[PDB]
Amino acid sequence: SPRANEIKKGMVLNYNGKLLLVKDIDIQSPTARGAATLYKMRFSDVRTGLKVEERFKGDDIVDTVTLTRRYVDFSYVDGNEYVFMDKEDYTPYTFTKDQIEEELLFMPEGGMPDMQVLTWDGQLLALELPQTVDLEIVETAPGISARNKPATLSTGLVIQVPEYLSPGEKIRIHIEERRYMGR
């Protein structure tokens, strides 16, 4: 019987007929004298990819599902469908663009190491990426301080990078924080 104050980013809740992946938790301090601390959670509906927000009291009872992770390789894209394959038993995992939209801003067209899938008793839930990714800059102002400029990466993602960077350079990105880490 888990409570809301014990929930962390990465868990999946069974809440009001939906399976919700926890994306963010904001511990909000009391709004007024006598009020309680509240837990504002941001979720992603694993079936539709739609965002859901809910606020809970610390002791509210929730239901977390048991998760199973499996290492995967990106197999191929077919329009809206994205096929991955289990590196061990070669089981295919098909996601729609909606379900992995935010992960697609970081995943290069050849996939990447340390990629996992979240499952619950045979049901495919989400794609879990590693901490960092190396992506090539396609569009940026000519490389010429402590000041950053915008850069469009191969996946379409726009990020802030140092002035001297030029198009075609491969850069390291912290996925969770969307920050440049170096070449």
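Note that residue numbering begins at 1 and tracks the sequence as displayed.
Going from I144 to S145, the model skips 4 to 9 deposited residues, which lack coordinates. Between 61 to 69 and 44 to 52, it is 61 to 69 that carries the larger average Cα temperature factor according to the deposited entry.
Annotation for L105: CA B-factor lies in the lowest third of the chain's modelled residues. Looking at the C-alpha B-factors along this chain, the one for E136 belongs to the lowest third. Per the PDB record, residue ranking by Cα B-factor puts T155 in the lowest third of the chain. Looking at the C-alpha B-factors along this chain, the one for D89 belongs to the highest third.
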